[PDB]
Amino acid sequence: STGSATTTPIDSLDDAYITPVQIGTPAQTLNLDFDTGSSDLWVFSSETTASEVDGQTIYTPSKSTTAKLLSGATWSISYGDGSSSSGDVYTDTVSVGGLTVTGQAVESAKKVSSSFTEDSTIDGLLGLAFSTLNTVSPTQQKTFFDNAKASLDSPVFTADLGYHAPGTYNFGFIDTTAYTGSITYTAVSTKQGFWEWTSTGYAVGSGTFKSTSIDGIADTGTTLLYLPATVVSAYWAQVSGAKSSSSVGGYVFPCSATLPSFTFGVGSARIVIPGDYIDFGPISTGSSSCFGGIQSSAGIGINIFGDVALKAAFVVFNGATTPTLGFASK
């Protein structure tokens, strides 16, 4: 089997991407944020505290003939940005892009933090990291990808995110029309439950490539590119008037600037992030200070190749017995 679904930016900055997901019988379609940095499939629901719902579409298990309470199971998650959610668990039929899993754990939110409530466009998350990070207790649950894997034509999914445009998530096949040149594969460590890999270095603009190992994770659920403070200072030093602002919470730059590209290494291959991908616009409406898309990881504890970096590539998440990542230009 295979599946193929379009993923659409939630706003003009590509802050996140939503993908429609069918849950239950008859289908209830919710727009979920596919997150390769977490392992829970959770939704706004008929159980979510009413004051914490503001425009999201909700899953109502009582209206699904295939929903079953997973008795005694609870979940609770905290993300890198400080946001959180928790609740109980149903099993139900879940379909993405024509690919169906029966008996998928659907984690129903009873509580969500303010950042979720305030984002009316995101109806929940579909985690695509390794199932060792799933938060369901006392019986940990499998991701949608781990449940689908054995049925897929190939045990892979691909992320093809757009720059200010829709893109695609494919399951079970590699669309050879979706990229240019060849795919370069690189080793993955699953020790922390992430798609963790090691980049071979970087360049700023037309500068020379610096060969250096940068361990990090491929995370579709993170907007920006977070890298060591040495690398980030080297990038922003090439932009007149850029500075790190403790009041704003990272590097800002004059909105009149033209940003340089950023290149990262994947083995002997190179992925080039155009400068425009690094512009996240005014820090507040009408400001002439703009927020940067490359930021220091120093206060996180991990480097994160988020959407700024991934949208520059066709990315293969290979879930074979020895997992690997693949990157191609496009």
# chains A, B, ... in the order shown; residues from 1 in each chain; ligands from 1
call {"tool": "residues_around", "arguments": {"residues": "residue 176 of chain A", "least_positions_apart": "6", "cutoff": "12 Å", "atoms": "only C-alpha atoms", "output": "list in words"}}
result
residues 158, 170, 182, 183, 314, 315, 316, 328, 329 and 330 of chain A
call {"tool": "select_by_dssp", "arguments": {"residues": "segment 79-325 of chain A", "states": "strand (DSSP E)", "output": "ChimeraX atom specification"}}
result
/A:84-96,99-112,124-127,156-160,167-171,184-187,196-204,210-218,225-227,243-245,250-254,262-266,269-273,279-282,289-292,294-296,303-305,314-318,324-325
call {"tool": "write_last_selection", "arguments": {"atoms": "C-alpha atoms", "output": "short mmCIF file (atom, residue, chain, number, x, y, z; two decimals), in the first residue's frame"}}
result
data_model
loop_
_atom_site.label_atom_id
_atom_site.label_comp_id
_atom_site.auth_asym_id
_atom_site.auth_seq_id
_atom_site.Cartn_x
_atom_site.Cartn_y
_atom_site.Cartn_z
CA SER A 84 1.64 20.94 26.20
CA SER A 85 -1.48 18.77 25.98
CA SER A 86 -2.92 15.74 27.76
CA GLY A 87 -5.93 13.44 27.83
CA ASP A 88 -7.23 9.92 27.28
CA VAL A 89 -7.01 7.49 24.34
CA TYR A 90 -9.28 5.82 21.77
CA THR A 91 -8.38 3.37 19.06
CA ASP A 92 -9.95 4.13 15.65
CA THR A 93 -9.39 3.86 11.89
CA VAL A 94 -7.05 6.57 10.59
CA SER A 95 -6.36 7.32 6.90
CA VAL A 96 -3.74 9.62 5.39
CA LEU A 99 -3.43 4.80 3.35
CA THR A 100 -5.54 3.29 6.16
CA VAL A 101 -4.50 1.98 9.60
CA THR A 102 -7.00 0.17 11.76
CA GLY A 103 -6.60 0.22 15.56
CA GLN A 104 -4.51 3.45 15.60
CA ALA A 105 -4.20 5.11 19.00
CA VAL A 106 -5.94 8.52 18.72
CA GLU A 107 -5.04 10.55 21.81
CA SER A 108 -8.04 12.77 22.71
CA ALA A 109 -7.10 16.04 24.39
CA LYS A 110 -8.81 16.97 27.63
CA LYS A 111 -6.39 19.93 28.11
CA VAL A 112 -4.23 21.98 25.71
CA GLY A 124 -3.81 18.27 16.48
CA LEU A 125 -0.45 16.59 15.82
CA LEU A 126 0.57 13.36 14.05
CA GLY A 127 3.90 12.23 15.37
CA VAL A 156 9.57 4.86 4.11
CA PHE A 157 7.83 8.19 4.15
CA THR A 158 8.99 11.39 2.45
CA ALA A 159 8.58 15.06 3.30
CA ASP A 160 8.47 17.58 0.45
CA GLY A 167 3.95 20.30 -0.57
CA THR A 168 3.50 16.58 -0.07
CA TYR A 169 3.87 13.76 2.44
CA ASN A 170 4.14 10.33 0.78
CA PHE A 171 4.06 6.97 2.55
CA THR A 184 22.21 11.13 -0.51
CA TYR A 185 21.55 8.83 2.48
CA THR A 186 23.09 9.36 5.91
CA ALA A 187 23.09 7.34 9.14
CA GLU A 196 19.06 12.16 14.55
CA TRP A 197 21.88 12.48 12.03
CA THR A 198 25.20 14.29 11.51
CA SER A 199 25.63 17.03 8.94
CA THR A 200 29.11 17.34 7.43
CA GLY A 201 29.34 21.15 7.58
CA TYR A 202 28.09 24.44 6.31
CA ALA A 203 28.71 27.51 4.17
CA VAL A 204 27.35 31.05 4.38
CA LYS A 210 33.48 24.54 6.59
CA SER A 211 33.85 20.79 7.18
CA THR A 212 32.57 20.13 10.73
CA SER A 213 30.26 17.50 12.27
CA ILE A 214 26.86 18.93 13.41
CA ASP A 215 24.63 16.37 15.13
CA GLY A 216 20.93 17.27 14.97
CA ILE A 217 17.40 16.08 14.31
CA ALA A 218 15.21 16.29 11.23
CA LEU A 225 16.83 25.99 11.86
CA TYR A 226 18.59 25.82 15.27
CA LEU A 227 22.42 25.38 15.11
CA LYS A 243 22.10 41.29 16.12
CA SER A 244 20.95 38.90 18.81
CA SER A 245 18.15 40.52 20.86
CA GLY A 250 16.94 35.66 19.02
CA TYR A 251 18.64 37.15 16.00
CA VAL A 252 16.87 40.02 14.25
CA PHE A 253 17.92 41.90 11.13
CA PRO A 254 16.87 45.03 9.22
CA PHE A 262 22.94 28.92 3.92
CA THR A 263 24.36 25.57 2.79
CA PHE A 264 24.43 22.40 4.90
CA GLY A 265 26.30 19.17 4.11
CA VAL A 266 24.80 15.69 3.82
CA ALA A 269 26.31 16.47 -0.98
CA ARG A 270 25.13 20.01 -0.25
CA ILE A 271 21.62 21.46 0.35
CA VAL A 272 21.30 25.19 -0.28
CA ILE A 273 18.71 27.18 1.71
CA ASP A 279 13.24 35.80 6.47
CA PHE A 280 10.42 35.45 9.03
CA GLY A 281 9.23 39.03 8.65
CA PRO A 282 8.60 41.86 11.11
CA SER A 289 13.16 44.70 12.56
CA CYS A 290 12.71 41.23 11.06
CA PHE A 291 13.07 37.86 12.78
CA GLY A 292 15.72 35.43 11.52
CA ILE A 294 18.44 30.58 11.67
CA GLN A 295 18.77 30.71 15.49
CA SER A 296 21.12 29.36 18.17
CA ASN A 303 20.48 21.12 17.01
CA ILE A 304 17.22 21.07 15.03
CA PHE A 305 16.93 20.92 11.24
CA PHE A 314 13.22 16.30 -0.71
CA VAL A 315 13.68 14.28 2.52
CA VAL A 316 13.39 10.47 2.84
CA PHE A 317 12.65 9.02 6.26
CA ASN A 318 13.75 5.40 5.77
CA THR A 324 18.53 6.22 7.49
CA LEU A 325 17.71 9.72 6.20
#
call {"tool": "atom_distance", "arguments": {"atom1": "atom CA of residue 141 of chain A", "atom2": "atom CA of residue 189 of chain A"}}
result
20.7 Å
call {"tool": "residues_around", "arguments": {"residues": "residue 276 of chain A", "least_positions_apart": "4", "cutoff": "9 Å", "atoms": "only C-alpha atoms", "output": "ChimeraX atom specification"}}
result
/A:258-261,280
call {"tool": "write_last_selection", "arguments": {"atoms": "N, CA, C and O atoms", "output": "short mmCIF file (atom, residue, chain, number, x, y, z; two decimals), in the first residue's frame"}}
result
data_model
loop_
_atom_site.label_atom_id
_atom_site.label_comp_id
_atom_site.auth_asym_id
_atom_site.auth_seq_id
_atom_site.Cartn_x
_atom_site.Cartn_y
_atom_site.Cartn_z
N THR A 258 19.02 42.12 2.27
CA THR A 258 18.99 40.92 1.40
C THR A 258 19.80 39.86 2.11
O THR A 258 20.97 40.03 2.28
N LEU A 259 19.20 38.72 2.46
CA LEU A 259 19.87 37.67 3.25
C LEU A 259 20.68 36.77 2.33
O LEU A 259 20.23 36.37 1.24
N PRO A 260 21.83 36.29 2.78
CA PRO A 260 22.60 35.28 2.08
C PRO A 260 21.95 33.91 2.25
O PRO A 260 21.25 33.62 3.22
N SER A 261 22.31 33.03 1.33
CA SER A 261 21.91 31.63 1.46
C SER A 261 22.69 30.96 2.60
O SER A 261 23.69 31.51 3.10
N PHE A 280 11.71 35.69 8.37
CA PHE A 280 10.42 35.45 9.03
C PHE A 280 9.69 36.75 9.37
O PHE A 280 8.71 36.68 10.13
#
call {"tool": "select_by_dssp", "arguments": {"residues": "segment 75-313 of chain A", "states": "helix (DSSP H, G or I)", "output": "ChimeraX atom specification"}}
result
/A:114-117,131-133,144-151,229-236,275-278,307-310
call {"tool": "write_last_selection", "arguments": {"atoms": "N, CA and C atoms", "output": "PDB file, in the first residue's frame"}}
result
ATOM      1  N   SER A 114      -2.133  27.253  25.923  1.00  0.00           N
ATOM      2  CA  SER A 114      -2.644  28.453  25.239  1.00  0.00           C
ATOM      3  C   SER A 114      -2.172  28.520  23.775  1.00  0.00           C
ATOM      4  N   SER A 115      -0.950  28.123  23.457  1.00  0.00           N
ATOM      5  CA  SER A 115      -0.439  28.237  22.068  1.00  0.00           C
ATOM      6  C   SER A 115      -1.293  27.365  21.140  1.00  0.00           C
ATOM      7  N   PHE A 116      -1.790  26.208  21.603  1.00  0.00           N
ATOM      8  CA  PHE A 116      -2.675  25.361  20.772  1.00  0.00           C
ATOM      9  C   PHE A 116      -4.009  26.043  20.613  1.00  0.00           C
ATOM     10  N   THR A 117      -4.613  26.534  21.695  1.00  0.00           N
ATOM     11  CA  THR A 117      -5.936  27.170  21.618  1.00  0.00           C
ATOM     12  C   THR A 117      -5.908  28.322  20.602  1.00  0.00           C
ATOM     13  N   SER A 131       8.607   5.297  17.974  1.00  0.00           N
ATOM     14  CA  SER A 131       7.495   5.020  18.926  1.00  0.00           C
ATOM     15  C   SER A 131       7.964   4.934  20.380  1.00  0.00           C
ATOM     16  N   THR A 132       9.263   4.800  20.597  1.00  0.00           N
ATOM     17  CA  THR A 132       9.884   4.882  21.946  1.00  0.00           C
ATOM     18  C   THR A 132       9.622   6.202  22.628  1.00  0.00           C
ATOM     19  N   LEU A 133       9.285   7.282  21.884  1.00  0.00           N
ATOM     20  CA  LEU A 133       8.918   8.566  22.535  1.00  0.00           C
ATOM     21  C   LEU A 133       7.425   8.747  22.796  1.00  0.00           C
ATOM     22  N   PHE A 144       1.495   6.227  13.667  1.00  0.00           N
ATOM     23  CA  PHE A 144       0.799   5.866  12.416  1.00  0.00           C
ATOM     24  C   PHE A 144       1.765   5.170  11.464  1.00  0.00           C
ATOM     25  N   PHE A 145       2.980   5.701  11.318  1.00  0.00           N
ATOM     26  CA  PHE A 145       3.978   5.100  10.408  1.00  0.00           C
ATOM     27  C   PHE A 145       4.364   3.715  10.904  1.00  0.00           C
ATOM     28  N   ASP A 146       4.611   3.538  12.186  1.00  0.00           N
ATOM     29  CA  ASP A 146       5.004   2.205  12.675  1.00  0.00           C
ATOM     30  C   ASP A 146       3.849   1.238  12.453  1.00  0.00           C
ATOM     31  N   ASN A 147       2.592   1.600  12.642  1.00  0.00           N
ATOM     32  CA  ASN A 147       1.455   0.707  12.388  1.00  0.00           C
ATOM     33  C   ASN A 147       1.316   0.441  10.908  1.00  0.00           C
ATOM     34  N   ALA A 148       1.558   1.385  10.023  1.00  0.00           N
ATOM     35  CA  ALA A 148       1.418   1.185   8.573  1.00  0.00           C
ATOM     36  C   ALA A 148       2.536   0.384   7.952  1.00  0.00           C
ATOM     37  N   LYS A 149       3.694   0.384   8.581  1.00  0.00           N
ATOM     38  CA  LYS A 149       4.988  -0.017   7.948  1.00  0.00           C
ATOM     39  C   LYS A 149       4.893  -1.346   7.199  1.00  0.00           C
ATOM     40  N   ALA A 150       4.429  -2.368   7.881  1.00  0.00           N
ATOM     41  CA  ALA A 150       4.412  -3.740   7.326  1.00  0.00           C
ATOM     42  C   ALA A 150       3.549  -3.798   6.059  1.00  0.00           C
ATOM     43  N   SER A 151       2.508  -2.983   5.928  1.00  0.00           N
ATOM     44  CA  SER A 151       1.596  -2.936   4.761  1.00  0.00           C
ATOM     45  C   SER A 151       2.166  -2.095   3.630  1.00  0.00           C
ATOM     46  N   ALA A 229      25.937  28.075  18.325  1.00  0.00           N
ATOM     47  CA  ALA A 229      26.102  29.525  18.339  1.00  0.00           C
ATOM     48  C   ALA A 229      27.253  29.985  17.471  1.00  0.00           C
ATOM     49  N   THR A 230      28.285  29.200  17.281  1.00  0.00           N
ATOM     50  CA  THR A 230      29.427  29.534  16.386  1.00  0.00           C
ATOM     51  C   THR A 230      28.942  29.695  14.949  1.00  0.00           C
ATOM     52  N   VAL A 231      28.128  28.726  14.517  1.00  0.00           N
ATOM     53  CA  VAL A 231      27.647  28.663  13.109  1.00  0.00           C
ATOM     54  C   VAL A 231      26.683  29.801  12.889  1.00  0.00           C
ATOM     55  N   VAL A 232      25.794  30.070  13.824  1.00  0.00           N
ATOM     56  CA  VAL A 232      24.738  31.079  13.702  1.00  0.00           C
ATOM     57  C   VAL A 232      25.389  32.445  13.702  1.00  0.00           C
ATOM     58  N   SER A 233      26.381  32.707  14.570  1.00  0.00           N
ATOM     59  CA  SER A 233      27.102  34.005  14.570  1.00  0.00           C
ATOM     60  C   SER A 233      27.775  34.203  13.219  1.00  0.00           C
ATOM     61  N   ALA A 234      28.404  33.201  12.663  1.00  0.00           N
ATOM     62  CA  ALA A 234      29.057  33.296  11.344  1.00  0.00           C
ATOM     63  C   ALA A 234      28.059  33.687  10.268  1.00  0.00           C
ATOM     64  N   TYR A 235      26.845  33.148  10.332  1.00  0.00           N
ATOM     65  CA  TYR A 235      25.806  33.498   9.328  1.00  0.00           C
ATOM     66  C   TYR A 235      25.423  34.958   9.505  1.00  0.00           C
ATOM     67  N   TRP A 236      24.992  35.397  10.675  1.00  0.00           N
ATOM     68  CA  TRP A 236      24.396  36.725  10.869  1.00  0.00           C
ATOM     69  C   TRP A 236      25.478  37.806  10.782  1.00  0.00           C
ATOM     70  N   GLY A 275      18.387  32.554   0.714  1.00  0.00           N
ATOM     71  CA  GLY A 275      18.220  33.611   1.707  1.00  0.00           C
ATOM     72  C   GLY A 275      16.788  33.948   2.051  1.00  0.00           C
ATOM     73  N   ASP A 276      15.909  33.952   1.049  1.00  0.00           N
ATOM     74  CA  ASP A 276      14.543  34.340   1.350  1.00  0.00           C
ATOM     75  C   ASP A 276      13.864  33.371   2.321  1.00  0.00           C
ATOM     76  N   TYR A 277      14.284  32.134   2.379  1.00  0.00           N
ATOM     77  CA  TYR A 277      13.692  31.133   3.286  1.00  0.00           C
ATOM     78  C   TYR A 277      13.975  31.518   4.743  1.00  0.00           C
ATOM     79  N   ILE A 278      14.995  32.330   4.980  1.00  0.00           N
ATOM     80  CA  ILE A 278      15.511  32.675   6.334  1.00  0.00           C
ATOM     81  C   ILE A 278      14.794  33.925   6.844  1.00  0.00           C
ATOM     82  N   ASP A 307      11.795  23.242   9.626  1.00  0.00           N
ATOM     83  CA  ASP A 307      11.218  23.449   8.289  1.00  0.00           C
ATOM     84  C   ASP A 307      12.069  24.364   7.404  1.00  0.00           C
ATOM     85  N   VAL A 308      12.744  25.378   7.936  1.00  0.00           N
ATOM     86  CA  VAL A 308      13.617  26.257   7.140  1.00  0.00           C
ATOM     87  C   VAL A 308      14.617  25.415   6.349  1.00  0.00           C
ATOM     88  N   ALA A 309      15.201  24.418   6.972  1.00  0.00           N
ATOM     89  CA  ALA A 309      16.155  23.553   6.284  1.00  0.00           C
ATOM     90  C   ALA A 309      15.445  22.489   5.465  1.00  0.00           C
ATOM     91  N   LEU A 310      14.424  21.809   6.012  1.00  0.00           N
ATOM     92  CA  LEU A 310      13.799  20.669   5.307  1.00  0.00           C
ATOM     93  C   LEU A 310      13.090  21.103   4.066  1.00  0.00           C
TER      94      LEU A 310
END
call {"tool": "closest_residue", "arguments": {"among": "A:178, A:18, A:283, A:5", "to": "residue 248 of chain A", "atoms": "only C-alpha atoms"}}
result
A:283
call {"tool": "atom_distance", "arguments": {"atom1": "atom CA of residue 123 of chain A", "atom2": "atom CA of residue 27 of chain A"}}
result
14.9 Å
call {"tool": "residues_around", "arguments": {"residues": "residue 11 of chain A", "least_positions_apart": "5", "cutoff": "10 Å", "atoms": "only C-alpha atoms", "output": "NGL selection string"}}
result
:A and (16-17 or 121 or 164)
call {"tool": "closest_residue", "arguments": {"among": "A:76, A:238, A:322, A:57", "to": "residue 120 of chain A", "atoms": "only C-alpha atoms"}}
result
A:57
call {"tool": "closest_residue", "arguments": {"among": "A:74, A:180, A:29, A:256", "to": "residue 313 of chain A", "atoms": "only C-alpha atoms"}}
result
A:180
call {"tool": "residues_around", "arguments": {"residues": "residue 80 of chain A", "least_positions_apart": "2", "cutoff": "9 Å", "atoms": "only C-alpha atoms", "output": "PDB file with N, CA and C atoms, in the first residue's frame"}}
result
ATOM      1  N   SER A  78       4.868  17.474  26.551  1.00  0.00           N
ATOM      2  CA  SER A  78       5.465  18.830  26.626  1.00  0.00           C
ATOM      3  C   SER A  78       6.409  18.959  25.456  1.00  0.00           C
ATOM      4  N   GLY A  82       7.611  24.840  24.953  1.00  0.00           N
ATOM      5  CA  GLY A  82       6.866  25.120  26.189  1.00  0.00           C
ATOM      6  C   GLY A  82       5.396  24.739  26.136  1.00  0.00           C
ATOM      7  N   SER A  83       4.877  24.330  24.974  1.00  0.00           N
ATOM      8  CA  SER A  83       3.451  23.993  24.833  1.00  0.00           C
ATOM      9  C   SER A  83       3.245  22.563  25.353  1.00  0.00           C
ATOM     10  N   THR A 222       9.149  21.699  13.842  1.00  0.00           N
ATOM     11  CA  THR A 222       9.859  22.912  14.297  1.00  0.00           C
ATOM     12  C   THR A 222       9.970  23.850  13.099  1.00  0.00           C
ATOM     13  N   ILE A 300      18.693  24.980  23.989  1.00  0.00           N
ATOM     14  CA  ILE A 300      17.843  23.764  23.694  1.00  0.00           C
ATOM     15  C   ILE A 300      18.471  22.459  24.151  1.00  0.00           C
TER      16      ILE A 300
END
call {"tool": "closest_residue", "arguments": {"among": "A:49, A:38, A:28, A:8", "to": "residue 62 of chain A", "atoms": "only C-alpha atoms"}}
result
A:28
call {"tool": "atom_distance", "arguments": {"atom1": "atom CA of residue 39 of chain A", "atom2": "atom CA of residue 130 of chain A"}}
result
6.2 Å
